[PDB]
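Residue numbers (the deposited numbering), protein chains in the order written: chain G, 63 to 802, 817 to 824; chain C, 1010 to 1072; chain F, 77 to 228; chain L, 364 to 482. Only one structure is covered here, and it is reproduced in the block below.
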Amino acid sequence: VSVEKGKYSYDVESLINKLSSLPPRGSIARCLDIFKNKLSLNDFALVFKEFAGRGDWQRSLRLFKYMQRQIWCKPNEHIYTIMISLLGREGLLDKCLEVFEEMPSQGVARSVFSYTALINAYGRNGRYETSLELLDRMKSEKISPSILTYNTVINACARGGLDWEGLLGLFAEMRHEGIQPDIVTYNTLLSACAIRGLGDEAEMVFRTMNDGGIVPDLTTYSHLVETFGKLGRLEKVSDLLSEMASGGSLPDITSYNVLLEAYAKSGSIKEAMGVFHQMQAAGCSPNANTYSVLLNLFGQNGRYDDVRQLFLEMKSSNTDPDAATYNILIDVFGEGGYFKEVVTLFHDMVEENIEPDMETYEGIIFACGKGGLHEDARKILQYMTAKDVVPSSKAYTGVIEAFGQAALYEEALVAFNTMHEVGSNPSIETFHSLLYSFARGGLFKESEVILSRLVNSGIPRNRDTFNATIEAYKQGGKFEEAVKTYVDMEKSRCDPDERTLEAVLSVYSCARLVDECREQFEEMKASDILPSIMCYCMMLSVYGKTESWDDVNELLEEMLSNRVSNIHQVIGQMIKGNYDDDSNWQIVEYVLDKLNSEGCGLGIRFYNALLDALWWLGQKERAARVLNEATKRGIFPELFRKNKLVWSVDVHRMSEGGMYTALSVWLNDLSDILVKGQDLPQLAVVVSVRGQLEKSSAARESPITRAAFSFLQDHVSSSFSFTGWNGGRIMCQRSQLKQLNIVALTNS
Amino acid sequence: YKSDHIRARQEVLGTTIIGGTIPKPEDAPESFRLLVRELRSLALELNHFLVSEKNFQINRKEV
Amino acid sequence: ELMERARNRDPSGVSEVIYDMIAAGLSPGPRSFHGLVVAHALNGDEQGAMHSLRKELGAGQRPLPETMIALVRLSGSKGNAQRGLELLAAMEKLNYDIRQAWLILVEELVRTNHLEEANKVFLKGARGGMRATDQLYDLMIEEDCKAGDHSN
Amino acid sequence: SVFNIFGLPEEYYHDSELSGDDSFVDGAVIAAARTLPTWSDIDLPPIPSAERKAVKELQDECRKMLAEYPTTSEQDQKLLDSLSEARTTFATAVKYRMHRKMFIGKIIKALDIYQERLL
């Protein structure tokens, strides 16, 4: 270790480096032979200052022994004080008293600062009794203690375990000496009361200094918050603030900031509003910190209406909110499912001329990704790139998952590729998002490519990788490879969650296996897990596959009541047709709106389950209306495309039941045209398979492709043929559209 | 650098033992600097200036 | 339809047509991505043009020389000399003649009053062995001497 | 770009790398590019529909020019092969007119493949 060049003098720096590089058995005097009559006492004082910070006390002690034997470099008071603190910090209490007792022998009278170093030396080792012996010795030695010397022994007793009555006795001793009291000891008085949970004593300390006309600092109120919070009497802090308000000592905002935050930790909403009204009556102007604390407290308890009103009041309070204040609203609105208001907040934020921060960027990007707002995420990404800001890995993961929600695989892959270009390396969350996005669409070739990427990256495979692979093979129709991967996961490690058993149940139900389905159903419900909508809908679907009307009825009998939850009751009543009325469908729409807050990832699976159940239970009209209300909600954004070029229906992310319902309503809408002279698209297509499988004959035998082809063939005859260039599309030219209510939708 | 360029004589001894190409001295040899000091002893100053053909900046050579 | 939308400075419509091609099974070739890049570049949108080039690369297609020269011209119009050099390096890596694009870049940099970056790119290309036209030589000499820059 | 002809108008040259084995691209294609009526608007892309009509009209012009000649190029080659008692200048003139006919035919084929590869 070499001293920084230019920090000290050349001769001083040379001495320190040579002493540092001197062997422990080397000659100290030989080094000092060159520096003899070159360095003053203060120069050696800086040498010991440099040695003390590094922690090499042995060389300092060795040099201090040699300096005693010489007259031209006799140590002074400053040198003695510096080395005493050096020895005490290392725990060498015995060596401290040795040098401290050398002052009478060395002809140096003891000073105040010498005792200050020694008090803290024994203070930091817990020997607070020794400090009081030294403190009393000054009184016998007629040495007037200083404030720092008094402060050192005061805090030494605090760490030593002295009684609280001792600290009060020490403080009263300070005031009687004629030295003006300072709030630092008052902080110590309030700290000890907070440490031992003393409320009445702490309030006495605050009252005592108030009558002295001394303005309290923030630390006094933070201690007051601590002591009353432990005893659960934070209301007395409000009484403390109110008393001084009429006494001429107006409380500051920072005092309220700790008090308001304390109620948030205690969850006291009605106390927080009372304090804010109490603060308003005091005439003080609220700051940014107050704005965020109330929003943080109100947001966590679900008062989304209150925060909107609160934000307008604070915006109209002639105070421009800060970026951190904006961020808190994004988190609650993002968690509350109000994604649109988050984006419109950015519209006003840029119009109010406040530059956002990385935290806000990640918050809005995560909100858009969870809510499937790909366009807003792309806009935010372009905006933050246009301002010379390098995006973080989390933001790129968020935009990737946002693009994957809307089946925009190409944009997600472009963003993933851009991640490496800017140096933002992918994380485990990015791989999880990619795997889920590819599994939703059934692109299992991309799934195995990503698995190979993970295995050559060395990252451990958690349950997310395994169940993403399971559902990717399930949607891709590879049931045998799906169960092979299931047993491979069971072989190694990790405990399957409810999602893994849900995926295996779905793949079993899809591949016409009632026995495994019922076995898994009776096994999983034995764990008292409140079986979800997915299992019930899958069971209804599989029972409708074999026309097990008795099983459907016996499930419905226990499904109708459902005393625990409301969603199951609503769906069970509506599937049977009890909620089809206009007044009886609003409960269903409200429960759907409530459910559309956990994410589009959950919403798509929930809609797949309910559509499969409705289609295979004879409720084709109900399936059509539920799909129609789901489309305008936001789920399945790629379902339909209408333009002069192509009319398309996308089913690669859907189940067999959902595909049939979508095809049923798509064929009907195609029959609506040809009744009017409003032209006709050049092409009508069905996107049965999307991904790498398109340029192969493997997608020809995919369950989605064959199911869609057979449905179209047995509904509209031999009009919808395959594509001679793509292996996963069903096409129909405009000429064959010219010759073309097609599907009968009825309730059983 | 075979007669009096003190800096360049020591570099030539080094490059030739490693075989790594000898560059131009570009500085004045000790015989010219010896002449300048003698002319200084007659109250005469002799300065060597380089005028850049790019930006016409006058550069004073160390001598 | 895609070229009609691209000539109308509507990159969003070009993306609509590309997604229609994807739905219909028609793989987007380099021509479609060239149209998208031109649509982005016509209305002075460098970030979107680079995003379109990234989409074309991720699609596995080999970009046309026209796309690359449009990108370098856009960078020169914006004065983004380093982006133009990166595009020239990419063009060289894809076995293309970068002389014409280099001329376009330096001429655009001169036109938009970016004489320092124009001189830098021109000297890079000249030391690289490329030869410029007589008009470009005269333009560089005359503009540099008018600016008082005798060194360049 | 379709035929990989690079450089300025006075230094058109086939790259011969991207073609790989396309013997079609030669000096005749360069001459066609130097003589065909062309338009350019910096970065304005061409609409394929107008290109089809333009190449059809140009092919009509080329076929009219070929019809203006009393004979064809293949029959000229056959005449050269069967020629046994003609001067050097006779065969030179025959080869000259045959080469002009070949150039026009090459223009026609180039327009066809250009309109084919425009998509």
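No residue lacks a Cβ here, since even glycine has one placed at the ideal position from N, Cα and C.
Check                                                                                                                                                                                    : Outcome
So, using beta-carbon positions, are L296 (chain G) and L321 (chain G) closer together than 8 Å?                                                                                         : yes
Tell me the rounded alpha-carbon separation between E581 (chain G) and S499 (chain G).                                                                                                   : 30 Å
Under a CB-based cut-off of 8 Å, is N1064 (chain C) close to chain F?                                                                                                                    : yes
Since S227 (chain F) meets chain C, which of its residues come closer than 7 Å, beta carbon to beta carbon?                                                                              : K1063 and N1064
Could you check whether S455 (chain G) and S486 (chain G) sit closer than 8 Å to each other, using their CB atoms as the reference points?                                               : yes
Which runs of the beta strand (DSSP E) spanning at least 3 residues fall entirely within the stretch 106-171 of chain G, listed in chain order?                                          : none
Does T447 (chain G) come within less than 8 Å of chain F when only Cβ atoms are used?                                                                                                    : yes
Contact check, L196 (chain G) vs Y212 (chain G) under 8 Å by CB: the rounded distance?                                                                                                   : Going by Cβ atoms, the distance from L196 (chain G) to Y212 (chain G) rounds to 12 Å, so no, they are not a contact pair.
So which residues on chain L does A82 (chain F) lean against when the C-beta distance must stay under 7 Å?                                                                               : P408
For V747 (chain G), I'd like the list of residues in its chain whose CB is within less than 6 Å of its CB, leaving aside the five on either flank, ordered along the chain.              : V708, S710, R791 and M793
Label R625 (chain G) either buried or exposed according to how many other C-beta atoms from any shown protein chain fall within 10 Å of its C-beta, with 16 as the threshold for buried. : exposed
How many Å lie between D450 (chain G) and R159 (chain F) at the Cα?                                                                                                                      : 14 Å
From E552 (chain G) to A685 (chain G), what distance separates their C-alpha atoms?                                                                                                      : 36 Å
Give the single residue among G:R186, G:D644, G:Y142 and G:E619 whose Cα lies nearest to the Cα of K638 (chain G).                                                                       : G:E619
Can the beta-carbon of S208 (chain G) be found less than 8 Å from the beta-carbon of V246 (chain G)?                                                                                     : no
Output needed in chain order: residues of the stretch 367-378 of chain L with a Cβ under 8 Å from some Cβ in chain F.                                                                    : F369, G370, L371 and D378
Determine, for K131 (chain F), whether the minimum Cβ-Cβ distance to residues of chain G falls below 8 Å.                                                                                : yes
Can you pull the chain G neighbours of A100 (chain F), defined as C-beta to C-beta under 8 Å?                                                                                            : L707, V708, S710, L745, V747, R791 and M793
Would you list the one or two residues that DSSP bridges to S447 (chain L)?                                                                                                              : DSSP output for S447 (chain L) lists no bridge partner at all.
Would you kindly check if the distance between the Cβ of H110 (chain F) and the Cβ of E142 (chain F) is under 8 Å?                                                                       : yes
Can you tell me whether DSSP reads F698 (chain G) as helix, strand or coil?                                                                                                              : coil
By Cβ distance below 6 Å, which residues in the same chain neighbour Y641 (chain G) in space, the five residues on each side in sequence not counted?                                    : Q635, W647 and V650
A464 (chain G) and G434 (chain G) - do their beta-carbons sit closer together than 8 Å?                                                                                                  : yes
Is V626 (chain G) helix, strand or coil by DSSP?                                                                                                                                         : coil
Output the residue ranges of the alpha helix (DSSP H) runs that lie fully inside the stretch 189-249 of chain G and measure 4 residues or longer, sorted by chain position.              : 190-202, 209-222 and 226-238
Since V476 (chain G) meets chain F, which of its residues come closer than 8 Å, beta carbon to beta carbon?                                                                              : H127, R130, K131 and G134
Where do the N-terminal and C-terminal ends of the beta strand (DSSP E) with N1068 (chain C) fall, by residue?                                                                           : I1067 to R1069
Note down, in chain order, all residues in the stretch 430-460 of chain L with a beta-carbon under 9 Å from any beta-carbon belonging to chain F.                                        : none
Residues of chain L with CB closer than 8 Å to the CB of residue 38 (chain F), please, in chain order.                                                                                   : A query on residue 38 (chain F) cannot be resolved here, the shown segment of chain F reaching from 77 to 228 and no further.
Can you tell me whether DSSP reads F97 (chain G) as helix, strand or coil?                                                                                                               : coil
At a CB-CB cut-off below 7 Å, which residues of chain F make contact with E380 (chain L)?                                                                                                : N171
Quick one: give me the first and last residue of the alpha helix (DSSP H) that residue 816 (chain G) is part of.                                                                         : Missing from the coordinates is residue 816 (chain G); the shown part of chain G jumps over it, going from 802 to 817.
Kindly indicate the opening and closing residues of the alpha helix (DSSP H) around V711 (chain G).                                                                                      : Here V711 (chain G) belongs to no alpha helix (DSSP H); instead the beta strand (DSSP E) covers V708 to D712.
What are the boundary residues of the alpha helix (DSSP H) that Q801 (chain G) is part of?                                                                                               : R796 to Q801
For a contact defined as C-beta to C-beta under 9 Å, what are the partners of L482 (chain L) on chain F?                                                                                 : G105 and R107
Under the three-state reduction of DSSP, which class applies to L745 (chain G): helix, strand or coil?                                                                                   : strand
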